[PDB]
Protein chains: 2
Amino acid sequence: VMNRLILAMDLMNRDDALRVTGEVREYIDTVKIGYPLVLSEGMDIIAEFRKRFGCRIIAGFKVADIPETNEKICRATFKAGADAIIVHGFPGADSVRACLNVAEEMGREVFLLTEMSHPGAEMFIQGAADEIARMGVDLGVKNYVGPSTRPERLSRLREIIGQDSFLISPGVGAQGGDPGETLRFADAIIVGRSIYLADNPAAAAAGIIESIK
Amino acid sequence: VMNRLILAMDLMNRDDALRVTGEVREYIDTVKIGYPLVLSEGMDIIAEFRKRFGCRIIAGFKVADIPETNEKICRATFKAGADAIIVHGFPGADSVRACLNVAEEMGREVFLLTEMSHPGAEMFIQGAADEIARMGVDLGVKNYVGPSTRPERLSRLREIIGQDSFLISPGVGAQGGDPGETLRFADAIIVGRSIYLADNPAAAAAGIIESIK
Ligand SMILES: O=c1ccn([C@@H]2O[C@H](COP(=O)(O)O)[C@@H](O)[C@H]2O)c(=O)[nH]1
Ligand SMILES: O=c1ccn([C@@H]2O[C@H](COP(=O)(O)O)[C@@H](O)[C@H]2O)c(=O)[nH]1
Ligand SMILES: [Cl-]
Ligand SMILES: [Cl-]
């Protein structure tokens, strides 16, 4: 990932989303598109981003359904052009495998979300996170998502998945996570609001990159 | 809910989804639309269903993001016409409250998904399900989703939420759940494939209703 920086484009209208992404295109080559934008503008927005920016697209859908439905969601998502999809690990191994099956068939990637970055994650997710990470390792998952907001937890996750695995981390900026500290364990950071809500997105992205040069 | 039967419309193309729903419209007044259909045809499909069938629409999105993103997803979904949205409880209380806030503002409903119906749910969700249910009760949640595939678990969930709460349950038919047994605890059953994949959807729906009379 270019500059170890992934833009979380959660604006909800195409003009703004495309405008802001364009303002920071020189600093990134990977964009995470989620439901706020997709539900507001349609799945065709993914193809629009790929054609306009020639960027990698990670669908931050955090799939969390039964196996059969997970397969359908992944199929629809990859057909739309997504290079990868983020899947929740809490629902179990069968639900994860369903996503892996479609990813293998279509030559795409799966990112396993272990622990989440928000406060509520401490209630149920945190206690299962280490086991969810191990589950991913046992199934050969190579891409993971961990919390920037809890460096020691992110560090433990890194220990479990190993140095070879790819780890990205949200929660940098708006949620309180620090770019540099997070990159001690993650290969790339996910940044949304700190950039897309900034007075000048380009300066914001440049500032982040400057602090981690 | 008419006939205590909610149709899970997970077909992935407009023509088929509308045709099948039309075939069983005389037996239902509530349809659950999820990502397989919405990602394939766009969120406008929700409005299409409401105007063509005058039915209640439950968005089976199982929202499972951080609070801020959950708010955006719920807002986009309710603006699209959804009467209710299904929210995952495992991400915690703040993520649930975010959904409740938007539902309150827009005069819509939130259904809290406690334990899931597939095998993988036993790995992490099951052990947290009773507490997730209690969390919902403590926050005043009145609508819940529990597994048809585990009658005793569904029964325990009913005990926790009380007779007052509304409980719907997926996993009937394709996943092995029995309509009658499930309705001993749930107010309504969610049925997808057993109906929409049937040679004769209308006959399939009638058959289910027959054994429930
Ligand atoms: O544990 C997680 C999983 C997903 N995200 C997502 O990552 C982005 C973080 O954006 P922001 O807080 O930098 O604005 C959003 O798209 C959000 O939905 C998190 O924040 N935390
Ligand atoms: O625990 C859960 C939560 C959601 N669903 C959803 O309920 C429907 C069940 O459909 P079917 O198995 O009758 O086809 C699908 O939309 C599915 O995604 C489950 O099956 N189990
Ligand atoms: Cl995400
Ligand atoms: Cl659902």
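Note: hydrogens, waters and symmetry copies are ignored here, and every other heavy atom, side chains too, is used. Sequence lines set the chain letters: A, B, ... in the order given, protein chains first and strands last, and positions in each chain run from 1.
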Go through the atoms of [X] and report whether side chain, backbone, both or neither lie under 4.5 Å from a heavy atom of chain B.
X	result
A:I132	both
A:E71	neither
A:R97	neither

Test salt bridge (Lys or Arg N to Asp or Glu O under 4.0 Å) applied to B:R158 - qualifying residues, sequence neighbours left out: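 Here the qualifying residues are B:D187.
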Donor-acceptor under 3.5 Å (A:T149 side chain, A:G171 main chain): no
Identify the residue among B:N143, B:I6, B:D83, B:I85 that makes a side chain to side chain contact (heavy atoms under 4.5 Å, CB included) with B:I58. B:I6
Ionic contact status for B:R75 with B:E105, cut-off 4.0 Å: yes
Chain A: which of [options] shares the most heavy-atom pairs with it under 4.5 Å?
options	answer
B:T77, B:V63, B:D65	B:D65
B:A64, B:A93, B:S95	B:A64
B:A174, B:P91, B:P119, B:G34	B:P91

For B:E131, is it the side chain, the backbone, both, or neither that has a heavy atom closer than 4.5 Å to a heavy atom of chain A?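 Interface part for B:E131: both.
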Pair up each side-chain donor or acceptor in residues 36-44 of chain B with any protein partner under 3.5 Å, not counting sequence neighbours, and list the distances.
{"from": "B:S40", "atom 1": "OG", "to": "B:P36", "atom 2": "O", "distance (Å)": "2.8"}
{"from": "B:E41", "atom 1": "OE2", "to": "B:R14", "atom 2": "N", "distance (Å)": "2.8"}

Inspect the surroundings of CZ in A:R108 and state if more than 12 heavy atoms from other residues, nucleotides or ligands are less than 6.0 Å away. yes
